[PDB]
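Protein chains in written order, with the authors' numbering: chain F, 1 to 244; chain K, 1 to 212; chain B, 1 to 244; chain E, 1 to 233; chain A, 1 to 250; chain D, 1 to 242; chain C, 1 to 241; chain J, 1 to 198.
Note that CB positions come from ideal geometry on N, CA and C, so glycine has one too.
Contents: one structure, followed by commentary.
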Amino acid sequence: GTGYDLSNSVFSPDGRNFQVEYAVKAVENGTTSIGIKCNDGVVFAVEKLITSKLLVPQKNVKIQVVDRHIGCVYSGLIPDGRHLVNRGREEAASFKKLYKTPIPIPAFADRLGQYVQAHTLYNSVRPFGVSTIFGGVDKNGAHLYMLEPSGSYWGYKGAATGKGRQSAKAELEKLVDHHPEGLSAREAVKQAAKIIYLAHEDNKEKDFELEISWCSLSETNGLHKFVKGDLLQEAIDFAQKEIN
Amino acid sequence: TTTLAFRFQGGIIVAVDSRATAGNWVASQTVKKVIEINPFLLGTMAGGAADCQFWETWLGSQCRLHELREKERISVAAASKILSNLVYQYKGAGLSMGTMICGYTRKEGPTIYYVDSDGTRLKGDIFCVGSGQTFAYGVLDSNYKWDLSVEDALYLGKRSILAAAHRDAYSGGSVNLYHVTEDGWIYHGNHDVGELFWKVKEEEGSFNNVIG
Amino acid sequence: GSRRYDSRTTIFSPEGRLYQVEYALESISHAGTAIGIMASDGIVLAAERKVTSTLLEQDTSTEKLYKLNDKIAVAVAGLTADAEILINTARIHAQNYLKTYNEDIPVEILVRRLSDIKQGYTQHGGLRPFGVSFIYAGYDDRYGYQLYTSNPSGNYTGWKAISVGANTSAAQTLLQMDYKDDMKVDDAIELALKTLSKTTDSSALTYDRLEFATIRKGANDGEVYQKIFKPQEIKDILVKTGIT
Amino acid sequence: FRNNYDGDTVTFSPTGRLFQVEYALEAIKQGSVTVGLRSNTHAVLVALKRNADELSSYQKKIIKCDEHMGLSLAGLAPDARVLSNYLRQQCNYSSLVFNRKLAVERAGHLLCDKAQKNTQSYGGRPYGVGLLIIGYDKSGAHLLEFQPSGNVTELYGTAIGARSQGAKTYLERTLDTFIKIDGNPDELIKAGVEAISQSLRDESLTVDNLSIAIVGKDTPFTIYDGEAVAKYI
Amino acid sequence: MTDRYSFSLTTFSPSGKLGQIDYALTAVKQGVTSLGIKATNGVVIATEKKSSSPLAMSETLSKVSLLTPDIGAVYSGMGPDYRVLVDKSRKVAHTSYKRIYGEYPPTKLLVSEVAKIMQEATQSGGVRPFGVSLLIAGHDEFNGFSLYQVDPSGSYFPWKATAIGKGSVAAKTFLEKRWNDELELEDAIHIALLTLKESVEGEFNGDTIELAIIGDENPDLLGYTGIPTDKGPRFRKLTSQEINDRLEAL
Amino acid sequence: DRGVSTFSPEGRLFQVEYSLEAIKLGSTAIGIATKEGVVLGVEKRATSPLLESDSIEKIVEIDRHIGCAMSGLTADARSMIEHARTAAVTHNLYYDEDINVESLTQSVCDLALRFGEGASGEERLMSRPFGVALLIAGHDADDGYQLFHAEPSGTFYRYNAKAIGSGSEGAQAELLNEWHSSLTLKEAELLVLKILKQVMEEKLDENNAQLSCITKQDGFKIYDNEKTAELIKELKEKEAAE
Amino acid sequence: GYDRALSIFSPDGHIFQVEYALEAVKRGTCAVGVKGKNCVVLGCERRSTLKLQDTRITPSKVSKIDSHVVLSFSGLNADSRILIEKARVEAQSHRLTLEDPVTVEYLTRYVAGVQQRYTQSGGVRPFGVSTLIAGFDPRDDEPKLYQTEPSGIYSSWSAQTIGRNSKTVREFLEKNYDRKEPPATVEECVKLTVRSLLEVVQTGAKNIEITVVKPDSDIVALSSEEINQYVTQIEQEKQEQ
Amino acid sequence: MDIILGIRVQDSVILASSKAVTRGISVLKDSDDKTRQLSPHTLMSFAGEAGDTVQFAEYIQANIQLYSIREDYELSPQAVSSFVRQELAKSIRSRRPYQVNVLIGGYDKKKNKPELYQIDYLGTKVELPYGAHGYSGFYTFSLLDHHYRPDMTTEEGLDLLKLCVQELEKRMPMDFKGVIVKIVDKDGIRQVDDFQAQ
Ligand SMILES: *[C@@](C)(CO)[C@](*)(O)[C@H](CC(C)C)NC(=O)[C@H](CC[S@@](C)=O)NC(=O)[C@@H](NC(=O)CCCCC)C(C)C
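Structure follows, in structure tokens:
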């Protein structure tokens with residue numbers, strides 16, 4: 001008597017939800033993305049596979065914004081990630097409408113958490129095929145979160161998911177020990193470029209494109225902002241400088 | 001408006017004026033107050049201009065649908081009841097329409113039905129409807145015989161609207177005439193009161209109240 | 001989704017039978033036998049209680065014979081819980097009819113309605129049918145004494161004598177053998193008890209195992225009277241017939 | 001294996017695949033080939049039409065959505081009608097409420113979001129059609145590819161349908177050439193017809209077989225069929 | 001979100017059996033023994049308090065519940081299913097009766113309402129039957145004292161005396177020998193304690209045994225004086241101390 | 001089990017494809033478009049001689065300028081025709097004109113995929129696709145005489161000539177050779193009769209086969225039995241000549 | 001709530017739930033209708049299994065839909081009531097809005113439309129019923145006879161039978177009903193109806209029931225003795241050979 | 001208002017109803033049948049608001065006819081008049097109430113007795129030897145109090161109505177264009193062809 005993996009909300013005999021574990025496989029299959037928490041903000045970076053010369057550069061934007069202060073990035077099924085953000089965007093607007101103040105990051109994290117958890121309670125819905133790294137700056141500092149298909153989320157110093165999660169975490173844990181008194185917003189951006197290049201060894205057959213964003217109290221006034229032109233080129237050159 | 005329809009030896013005569021008013025302002029002198037539902041069905045209009053036009057055009061569609069559905073032309077009693085029942089759904093909402101539905105079917109022969117926005121639906125041989133109905137009734141009743149010729153019947157209808165066009169301030173323009181037979185309706189023209197009145201005065205000797 | 005767990009209660013078999021209606025009829029073939037006999041001067045209803053104990057209170061007990069109207073009564077075969085659901089709607093229906101026409105409901109109209117409710121659970125809704133068969137005993141000024149039967153399919157028929165529940169096949173032949181059109185009620189009482197006594201799966205037929213009722217016109221009143229026999233009254237009539 | 005995990009879209013396979021979505025993708029691969037390509041001034045669609053008999057008409061592949069935007073279809077046409085109708089309304093809403101021509105990129109995000117809801121809910125199937133959306137909004141010429149999984153990619157050129165891998169390789173080799181065709185629509189259509197014929201394994205492209213659409217700087221979305229496309233044969 | 005279970009989960013099998021009802025009754029057999037006895041001037045309902053842990057407080061968990069001032073209930077089977085049934089039974093006594101007639105429902109009618117709720121659990125879409133048998137003891141002016149049993153199917157039977165759960169077979173035999181139509185209430189409590197002893201493996205006292213009666217009106221349990229027609233509840237849960245007294249001379 | 005609207009590994013909808021097999025079990029229906037009009041013919045196919053043949057209605061009027069022929073589960077067509085008629089009459093109410101044949105067909109096909117089990121997007125309350133194919137023939141001022149074949153897939157093709165039902169594959173091969181751009185109406189009428197006669201199991205007469213046409217002048221007419229009998233009598237003479 | 005698709009297509013192109021609804025009809029008691037020059041006659045068999053029925057109160061197979069139209073059926077008895085009621089409501093509704101009783105064809109088309117609707121709606125099964133609808137149109141003296149089936153298909157018949165052993169009785173009518181010259185009298189038309197049921201039902205005055213509908217709302221069901229007389233005459237024809 | 005009169009004699013109920021239909025200043029019709037037949041032995045007359053009047057009558061008629069077909073039986077006049085009352089009693093507490101006053105004239109075939117019921121738009125039923133709706137009653141009630149006997153023949157009952165109609169024609173302000181008279185007895189419903197000059 002089996003078939004415990006055919007329906008979503010069902011508990012297997014050992015106590016698991018196999019349909020969520022199958023969603024995790026869809027995430028591991030996806031492009032690698034990371035988050036670094038610094039001394040006054042958060043930095044997000046993501047890999048973008050260039051299948052053909054035909055894809056217009058800088059145009060297929062993956063990192064998304066909720067409100068004006070939160071940034072979101074995800075690995076796995078992109079449409080699912082987009083759907084999750086549409087929910088977050090509605091959720092934050094609703095919060096701002098009633099309490100005037102923009103949503104705190106811990107508050108926003110649970111809003112995603114309860115919503116993703118909800119999609120593991122019924123057989124008529126499919127679990128989310130994404131892990132989401134997200135954060136920002138609120139009333140009491142920077143926050144970084146990672147949300148799994150089960151609905152599990154925690155606060156992170158550094159987060160990684162997708163194809164090259166192994167290389168990323170190994171490099172993130174070295175930063176926590178080498179920089180015990182925090183890392184600066186500028187530094188974290190440059191360092192985020194390196195991690196993405198090092199995690200690209202896992203997908204080294206194809207060419208890729210770098211996309212970075214940051215939210216910082218001193219460098220961006222606590223608002224989410226993309227990295228462009230001279231700052232992005234600086235990060236690209238730094239990653240190239242530490243590869244040889 | 002004035003509208004009339006009567007039944008006689010040779011079928012049905014239908015006659016209407018053509019004036020539209022907004023209070024004392026004459027909005028139009030050239031209104032078609034007769035809807036041709038099909039070759040064997042006519043509708044007359046009095047009251048709210050939009051109310052009549054919209055719902056009688058809608059009636060035309062309901063009748064065409066009956067043809068496709070039942071493979072037979074709609075009876076006069078049935079056509080009138082489509083409108084009667086629709087009108088009753090809106091009772092108290094302020095629709096304003098006094099209507100007559102005239103036609104020929106083998107089952108019924110020549111038939112006239114009066115339908116108004118109150119929900120009243122009546123079968124009869126003679127009806128006058130609108131602000132000038134009484135002015136028509138006076139001339140029509142005082143000259144009506146069943147055994148009138150098609151010619152005389154056409155005239156009496158035309159003369160009845162004229163009588164109303166004259167006295168009623170909210171009636172006039174021109175007279176539109178119809179004759180309904182076994183073969184269906186026959187249009188008998190548009191007669192401008194501007195010229196008709198003076199022609200009738202001279203030829204008939206009537207209208208002595210008028211200097212001319 | 002839920003498609004996996006749907007029994008499909010309202011579908012035809014390749015043979016053209018309704019699976020659930022069939023299995024419901026099988027369920028009823030295990031229920032205690034009930035008999036109705038229509039005479040020229042009244043109707044008898046006899047029923048056999050199932051699995052009785054000496055500690056079971058009979059005085060407060062009423063499981064097979066129910067009063068629907070001041071002039072209509074029923075014998076039940078099958079699930080008592082299912083039957084009470086229907087019996088209540090029937091009681092409401094008779095009262096609606098009375099409030100509308102100021103006349104007691106004709107027996108057939110009440111039967112057709114219950115039979116219509118049962119037919120519903122057969123054709124739509126995806127719910128299980130009611131596991132109940134009824135005998136209806138009634139009177140009205142149109143047909144006089146009437147006897148009807150209805151089963152889970154929503155089919156109803158009219159009878160001079162009928163049985164429902166267990167051993168109907170055996171019970172019907174015994175009735176067909178001993179029933180005559182010009183029967184007095186006191187004769188119909190005997191036939192009902194004799195038939196039950198023969199088809200019983202118990203050792204002997206006793207008062208504590210029987211429910212008994214009559215519908216008879218007033219021996220002096222001139223109008224219709226129901227009588228649901230009390231334990232002591234049945235014990236009396238069981239000595240009369242020759243069963244003790 | 002596949003037996004169990006393809007029953008509906010709501011179900012994940014042990015490897016993380018959604019088979020119902022993948023089977024919908026297969027309907028596109030059976031569909032007749034169509035090609036999109038853009039420069040800085042103009043964007044172009046070139047579509048190959050399919051008939052049933054030589055007694056039948058060729059089914060239309062290109063749909064206009066607004067004066068500045070449009071799309072081509074590969075796969076189930078009824079689904080393309082449902083999606084093009086929606087995008088028309090979204091374009092309509094943007095003009096009436098905001099007096100604003102909907103940006104092509106946002107059109108893609110909306111189609112992505114509409115396709116997604118079918119891939120996660122019980123009952124509903126996925127859509128069975130691919131789309132190539134061309135536009136000219138406030139930031140120049142655009143070309144988008146829609147897959148019924150939800151994925152929408154902005155490209156210079158691309159192809160979908162049967163044998164479309166031939167046309168796609170041609171564009172990938174000619175990228176530097178056609179992107180510079182600015183202010184000469186004819187020489188961009190010429191590049192599209194040369195692209196689509198790289199996917200012709202079966203028949204020759206004829207006057208009632210070929211369909212072309214163009215949008216640009218001073219060109220509202222217009223469709224060419226019949227004797228209009230004769231010069232590109 | 002979207003409940004797709006609009007169909008029955010309890011259906012008929014080829015043999016005529018209603019699987020889920022039968023299985024529910026199987027769950028009731030595993031449950032701890034509870035019993036009821038009807039005397040001439042009262043009714044007694046009794047059960048064993050099977051504690052889940054010696055660190056748990058058994059006082060916080062009542063297996064015997066008051067439904068109305070004159071009606072009480074006990075069970076065998078699944079505890080949580082009983083708890084939610086008690087809540088609904090208390091509510092229905094108000095909504096379907098007291099709010100209409102200004103008085104409490106007679107025992108038979110409240111039992112009827114309880115049964116209806118359980119019959120619905122047999123037929124409604126997307127539910128399983130309740131896994132409990134109830135024993136409901138009560139008084140009303142025109143019927144006097146009565147005792148009922150309500151099965152998972154929704155069926156109910158009136159009893160002079162009965163037992164449900166684990167040792168019900170042996171306990172029904174023991175009651176048959178001891179019951180008569182001339183029992184006074186103090187006699188009935190005596191039998192109740194004796195019958196329950198055959199079931200209980202461990203400690204037998206007022207801390208491990210739950211016992212309540214339907215007897216005389218208790219004016220000191222009412223909470224107020226003034227209205228002569230209001231005389232006080234007939235339902236009384238015996239204390240741990242009161243049980244021990246009858247056990248010292250047992 | 002398996003979902004109703006569910007793709008096969010090949011990329012097709014199970015229910016739609018199975019519905020296409022029900023239509024292949026239907027009675028033959030033939031349409032031929034000419035510059036003088038469109039002709040629609042059907043095989044009646046009565047199951048018993050006691051059946052009153054003229055009560056078999058497989059040719060229906062949609063509007064004065066649009067006609068329809070059905071093949072397959074013909075009970076499924078009633079609500080399609082009802083929709084079609086209402087669409088046509090409704091269009092005339094809003095726009096004081098005749099509906100285009102192309103637009104009418106599109107409106108009928110919009111219904112075809114509205115099946116499922118309480119789905120996403122809009123509202124689709126229908127347990128299964130239609131088990132019937134339609135031949136829609138008519139005329140409008142814009143595109144002239146037209147013949148459409150509407151399928152339960154929701155897609156519709158325009159045809160110069162089309163056969164649907166049991167004899168459709170053999171009939172379409174025949175219609176391929178025969179049809180040319182400059183056929184007369186009478187040639188087309190005789191052509192419909194010629195193909196039906198071939199694919200039928202019974203001998204063709206004015207009782208088991210029905211003719212109809214749509215012209216600009218007289219609109220959509222269904223031929224009476226006495227008229228069709230004379231065209232059958234005329235076809236017999238022409239075949240015998242060569 | 002419940003909208004599960006019960007009637008669906010199978011690989012070979014059949015709706016099995018509709019196919020099985022026909023099997024239910026094949027199990028039902030035989031029903032036959034024949035039309036004459038100036039009448040229509042409906043014949044139906046009663047089951048012999050239980051010979052203790054009360055015919056006064058037992059529902060009969062021939063139901064009046066209006067004063068001029070009758071409906072008989074073969075199949076699930078409980079299902080037929082649903083179809084009959086809807087038809088009877090539509091009859092009164094048609095008199096209300098059109099000011100004219102229904103034509104037999106119209107009432108048939110409505111009943112047939114309901115049946116079809118139950119073959120492509122979620123949560124419902126098809127009607128296990130085929131009907132014979134017979135009568136006279138308002139002010140019309142031409143006899144009308146129609147049949148419907150679970151699929152929703154309908155058509156008119158000179159003579160038709162439905163239900164168990166209907167293959168046998170149809171075979172009889174095909175070689176006994178002349179379309180050229182229909183039964184001239186009412187008596188001549190009733191005889192043929194009884195003759196056909198005697199092919200499938202063993203000697204039973206109880207078993208065969210007949211109803212005769214004439215023009216202008218003249219419907220009368222026959223007594224057992226009257227039908228018995230027809231049987232008595234027919235059985236004396238055979239022995240002459 | 002319109003004239004609506006009823007009188008129960010020995011073995012029949014007689015209903016007399018106003019023939020005029022007046023709207024505004026014009027008498028649109030002088031031959032209006034303000035009655036519906038509900039069953040072979042039950043007849044209903046009606047008066048009130050313009051549309052409501054015919055719509056209610058025809059609606060009640062469809063329901064009683066539906067009952068007859070289903071049951072193959074005719075409801076007693078008592079049962080029909082209870083059904084009518086409850087529909088009005090329902091409608092008076094709805095969004096737009098039927099403003100219709102009715103008379104039920106029936107012969108009970110079971111009891112062998114004629115019956116007359118007066119029911120107003122509120123749903124106020126009462127059984128009477130004689131009844132009237134509108135202003136008509138203010139003249140006819142006292143007249144019948146004097147002249148009526150409970151054992152009168154149908155011929156005597158018609159004479160008695162003529163006396164009511166003569167009084168209404170003399171004293172009432174409106175020209176109601178005479179009456180249509182119907183008899184309800186054991187043989188069903190029939191119309192008295194000549195009353196206008198009987
Ligand atoms: C006679 C002229 C007597 O009125 C006719 O009844 C005539 C009917 C024809 C079908 C036009 N009616 C008529 O002209 C209308 C008179 C209105 S009455 C009820 O007082 N006139 C109109 O309908 C005018 N429209 C309105 O009054 C609409 C007002 C809407 C305000 C928001 C038109 C100018 C015709």
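For this session: Please name the residue in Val44(E), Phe19(E) and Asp208(E) whose C-alpha comes closest to that of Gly183(E).
Result: Reading the fourth sequence from its first residue, position 183 is the one you call residue 183(E). Closest by alpha carbon: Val44(E).
Exercise. Which one of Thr107(A), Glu120(A) and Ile71(A) has the shortest CA to CA distance from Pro129(B)?
Worked result: The residue you call residue 129(B) lines up with position 129 of the third sequence. Of the listed residues, the one whose Cα sits closest to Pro129(B) is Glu120(A).
Exercise. Going by the C-beta, is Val31(K) closer than 6 Å to any heavy atom of ligand 1?
Worked result: Locating residue 31(K) in the second sequence gives position 31, where the first residue counts as 1. Within the cutoff, so yes.
Exercise. For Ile57(C) and chain B, any beta-carbon pair shorter than 7 Å?
Worked result: Counting from 1 along the seventh sequence, the entry for residue 57(C) is found at position 57. So, interface residue.
Exercise. In three-state terms, what does DSSP make of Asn244(A)?
Worked result: Sequence index remark: in the fifth sequence, residue 244(A) carries index 244 (1-based). Reduced to three states, the DSSP call for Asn244(A) is helix.
For this session: Excluding the 5 residues preceding and the 5 following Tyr156(B) in the sequence, name in chain order all residues of the same chain whose CB lies nearer than 6 Å to its CB.
Result: The residue labelled residue 156(B) in the question sits at position 156 within the third sequence. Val111, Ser115, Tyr148 and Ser150.
Exercise. Does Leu71(C) have its Cβ less than 7 Å from a Cβ in chain K?
Worked result: The sequence position of residue 71(C) within the seventh sequence is 71, counting from 1. No, its Cβ sits nowhere closer than 7 Å to a Cβ of chain K.
For this session: Could you list the residues in the stretch 167-188 of chain C with a C-beta less than 7 Å from some C-beta on chain A, going in chain order?
Result: none
Exercise. Is the shortest distance between the beta-carbon of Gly1(B) and the beta-carbons of chain F less than 7 Å?
Worked result: On the third sequence, position 1 is the one that residue 1(B) refers to. With 7 Å as the cut-off, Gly1(B) counts as an interface residue toward chain F.
Problem set entry | DSSP three-state assignment for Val129(C), whether helix, strand or coil | For this step, residue 129(C) is matched to residue 129 along the seventh sequence. The answer is strand: DSSP assigns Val129(C) an E or B state.
For this session: With a threshold of 6 Å, establish whether the CB of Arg19(K) neighbours any heavy atom of ligand 1.
Result: Locating residue 19(K) in the second sequence gives position 19, where the first residue counts as 1. Within the cutoff, so yes.
Exercise. Looking at the structure shown, is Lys162(J) part of a helix, part of a strand, or coil, going by DSSP?
Worked result: As a position in the eighth sequence, residue 162(J) is number 162, starting the count at 1. Note: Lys162(J) maps to helix in three-state DSSP.
For this session: Can you grab the Cα-Cα spacing for the pair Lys59(F) / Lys169(F), in whole Å?
Result: Here residue 59(F) refers to the residue found at position 59 when the first sequence is read from its first residue. Here residue 169(F) refers to the residue found at position 169 when the first sequence is read from its first residue. One C-alpha to the other measures close to 28 Å.
For this session: Report back the beta-carbon spacing between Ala94(B) and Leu65(B) to the nearest angstrom; my notes put them in contact at under 8 Å.
Result: Counting from one through the third sequence, the residue named residue 94(B) turns up at place 94. Counting from one through the third sequence, the residue named residue 65(B) turns up at place 65. Rounded, the Cβ-Cβ distance is 17 Å, inconsistent with contact.
Exercise. Relative to ligand 1, is the shortest distance from any of its heavy atoms to the C-beta of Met97(K) smaller than 6 Å?
Worked result: On the second sequence, position 97 is the one that residue 97(K) refers to. Not under cutoff, so the answer is no.
Exercise. Do we get a CB-CB distance below 7 Å when we pair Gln15(D) with the residues of chain C?
Worked result: One-based indexing of the sixth sequence puts residue 15(D) at position 15. Taking Cβ atoms only, chain C reaches closer than 7 Å to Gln15(D), which makes this a yes.
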